[PDB]
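Shown here is one chain on its own, the form deposited in one PDB entry, set out as C-alpha cells.
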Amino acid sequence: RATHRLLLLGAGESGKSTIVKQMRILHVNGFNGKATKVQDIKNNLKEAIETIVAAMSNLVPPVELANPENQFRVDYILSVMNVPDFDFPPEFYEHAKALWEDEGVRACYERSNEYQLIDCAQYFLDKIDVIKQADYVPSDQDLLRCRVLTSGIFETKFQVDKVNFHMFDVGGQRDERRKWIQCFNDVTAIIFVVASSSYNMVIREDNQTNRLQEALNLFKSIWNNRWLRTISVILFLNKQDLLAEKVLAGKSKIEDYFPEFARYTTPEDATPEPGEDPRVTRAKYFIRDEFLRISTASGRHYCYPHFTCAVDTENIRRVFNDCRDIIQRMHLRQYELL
C-alpha cells in the first residue's frame, strides 16, 4: 500500500483547511469524529456582524446607518464585541438580523475589501434565524463555510483504491527558521491553494500586501527554492465561485489591482464551461497565467493548475480524482528524458 504525503500550502484563508475537511467528507467520516461545531458557526456569525458594524465608522468615506433607529443595536453589538464566553442571548440574534437588513450596514459589507471580513459573512448572516434555533444541527455545507483557525497541523489520512494519502496543512504551525524546510520531507506533491477571488483584498498580516500578490510571492518562493526543486506543485485556483461573483458585479475591476489584466486576452486553449461569462473566463485564466509565468520562468518539478471551489464537495471530488491520477502518475515523469 503506497502512501503519498500531500502538503497543502498557501496564504491564510485561501482554502487549505476546507480542502482537508472535504477529503474527510469524501473519504473519511466528514465532520463526525475537535471538529467544527455549532459554536464555531455562532462565533463566525458574531465575528461577521461585529466586524461589519465596527468598520462603518472607520471607512473613508465613513458609512452611516440608513436607519438611525438601529443605533442602539449598533451600541449593543460593539459593546459585546470582545466579550469572553458570550452566551448568544436572543437579543443578539435580533440585533444582528435587524442590522444585516440595514442599508448602511450592507453598504459597509459591500466595501468589505477595505477591511478584514471572513468569507462566510453573508452566508451565515442570511441564515440567522436557522442558526439561532435550539434544534439547529449544522449541515456539512455550514461546517465547510465556517472559518476556524487551525492550531497546529491540520491533516487527514485516507485510502482510495488501495492508495494511502496523508494530506496536511501547516497554516496553523510555526517552527524554527532553519527547521521549516523539514516540513517538505518525503512530500509527493505540494498542493498550493490560492483565493482567486481575493485580488481586491490585502492580507491580515500587514493590511498592505495585496492578497493575490501575496499568493504569487509565496508560490514564487516555493517554486524557486532549490531544496524543493523535485517536488511538483498541484495548483488549486480556489474560490472560483467568489471570483465569478466579484467579476460579474463590476465593483472592483481586476485591472484596478493588476493593471496588465487590461491587456490580457483569454488563451486559445481555454475550456470555458458552457454559459460562463467571457469576463469570468478571462479573469480566471489570467490569474492562472500569473502563476504559470512563475513556474515556466525557471527543473524536475511541474505545475498542474486546477480551478476549484473548496466548499463544493462535488467540485473537489472531481478535482481530487484528477489529482490522484496526477499523483499516482508523477513517478512516470522521472523516466522521461528531454
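Residue numbers run from 1 along the displayed sequence. Here the rigid core means the biggest group of C-alpha atoms that line up within 1.5 Å when the two forms are laid on top of each other.
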- Message: Gap size between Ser298 and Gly299, counting deposited residues with no coordinates: none, 1 to 3, 4 to 9, or 10 or more?
- Response: 1 to 3
- Item | Deposited-sequence gap flanked by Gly33 and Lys34 | 1 to 3
- Message: Comparing average C-alpha B factors as deposited, tell me which of 209-217 and 121-129 sits higher.
- Response: 121-129
- Stretch with the higher entry mean CA B-factor, where the candidates are 65-73 and 276-284: 65-73
- Task: Could you check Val80, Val193, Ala98, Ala262 and tell me which one carries the biggest Cα B-factor in the deposited entry?
- Result: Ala262
- Query: Whose C-alpha has the highest temperature factor in the PDB entry: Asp312, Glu290, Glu50, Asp269?
  - Reply: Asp269
- Using the B-factors in the PDB entry, rank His27's C-alpha atom against the chain and give the third, lowest, middle or highest. middle
- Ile203, C-alpha B-factor rank within chain (lowest, middle or highest third): lowest
- Task: Could you tell me which third, lowest, middle or highest, the C-alpha B-factor of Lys162 occupies within its chain?
- Result: highest
- Third of the chain, ranked by Cα B-factor, where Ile254 sits: middle
- Message: Going by the CA temperature factor in the PDB record, which third of the chain does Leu237 belong to: lowest, middle or highest?
- Response: lowest
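The protein also exists as the form deposited in another entry; that form is not presented, and the subsequent description refers to it.
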- Item | Answer among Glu245, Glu110, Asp75, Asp175 for the CA shift between the shown form and the other one that reaches 2 Å or more, rigid core superposed | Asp175
- Does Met330 move its CA by 2 angstroms or more between the shown form and the other one when the core is aligned? yes
- Direction of C-alpha distance change in the other form, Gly172 to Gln208 (at least 3 Å): closer
- Query: Quick one: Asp175 and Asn185 C-alpha atoms, closer or farther in the other form compared with this form (3 angstroms or more)?
  - Reply: farther
